[PDB]
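Okay, so here's just one chain, in structure tokens, the form deposited in one PDB entry.
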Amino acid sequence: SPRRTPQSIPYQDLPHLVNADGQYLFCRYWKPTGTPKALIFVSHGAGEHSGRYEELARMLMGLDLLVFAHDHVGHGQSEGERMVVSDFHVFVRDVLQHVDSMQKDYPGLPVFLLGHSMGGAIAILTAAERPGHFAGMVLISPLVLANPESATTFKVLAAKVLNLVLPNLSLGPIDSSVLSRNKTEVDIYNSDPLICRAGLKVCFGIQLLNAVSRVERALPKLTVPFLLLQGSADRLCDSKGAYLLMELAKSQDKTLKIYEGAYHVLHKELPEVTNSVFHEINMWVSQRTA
């Protein structure tokens, strides 16, 4: 029985890679028509998947960059129990494998990282493990701070307790309306069968917290250049973390753009925001490439 995606598609019929844990990961690529000037890995957030970055990737591809990605373990078309991971570092390790693989085929090319939410945390931790290895990082409402509301020192304590007693315990529920102010995208979001909307599991929320702790420790050694995109009304990733990221990161090349009133999914928000986001990412990456 050939290995198949959680949606029953055989892996031999799709682009993929096998991780250190022997798990198949669904891969995605956007190769420019000619010799690429640089490489860029896209890191998606929790529950979502790599296919959600189709248009963003097509814009980057139009700049002559070889865009690539894969669905994190337990996500999209990749193997593994939905939204669960032995340890958060697995996400980083897998990213490095994919990056290391792509760099071998395209030697001497600069490598950028693009991450959103949990994807942002992964990106930060990826560069933090390889100082001076990446050319730049594009962060869209990255996970850097614990929800001052959804995760207080008390709720974290309780979650840790649940982890010992009811680890497999699934939580919830999160209103998809806090993702974007664009109703179309909210519907689109609820219609995606590759997305996961089954509420954060206990053991996974712990990992998410591990991620934030790790990111905070990493910041004093983060030197990679970055573009930080954040919305003021982000109820998932508080803008407080964005300002803290700008302050605590040691990077010499760091930019912050705030979108007043915007929500979480900046790249899938109101046309006026999405347009600026796409544009800003374009200008930023363009200047850092040649």
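Shifts are known only where both forms have a C-alpha. Between two forms, the rigid core is defined as the largest C-alpha subset superposing within 1.5 Å. The first residue of the sequence shown is number 1, and the count goes up from there.
Across the other entries compared, none leave residue 101 without coordinates where the residues on each side are present, so it is far from a third. Per the records, residue 71 is modelled in every other compared entry, just as the shown structure includes it, so no third of them leave it out. Look at the mean CA B-factor for 31-39 and for 224-232 in the entry; the higher one is 31-39. Look at the C-alpha B-factors of 195-203 and of 76-84. On average they run higher in 195-203.
Of all the options 98, 116, 183, 89, the entry's greatest CA B-factor is assigned to 183.
Looking at the C-alpha B-factors along this chain, the one for residue 141 belongs to the lowest third. Ranked within its chain, residue 130 lands in the middle third, by CA B factor from the PDB record.
When the modelled residues of the chain are ordered by their C-alpha B factor, residue 290 lands in the highest third. When all modelled residues of the chain are sorted by CA temperature factor, residue 122 is found within the lowest third.
Below, we refer to the form deposited in another entry, which is not included among the displayed structures.
With the rigid core aligned between the shown form and the other one, only one of 97, 176, 103, 150 has a CA shift of 2 Å or more: 150. Once both forms are fitted on their core, a CA shift of 2 Å or more is seen for residue 167 between the shown form and the other one. Distance between the C-alpha atoms of residue 266 and residue 155: longer by at least 3 Å in the other form than in the displayed form. Between residue 157 and residue 82, the Cα spacing is smaller in the other form than in the shown form, differing by no less than 3 Å. Relative to the superposed core, just one shifted segment between the shown form and the other one, defined as three or more consecutive residues with every Cα moved by 2 Å or more, spans 149-168.
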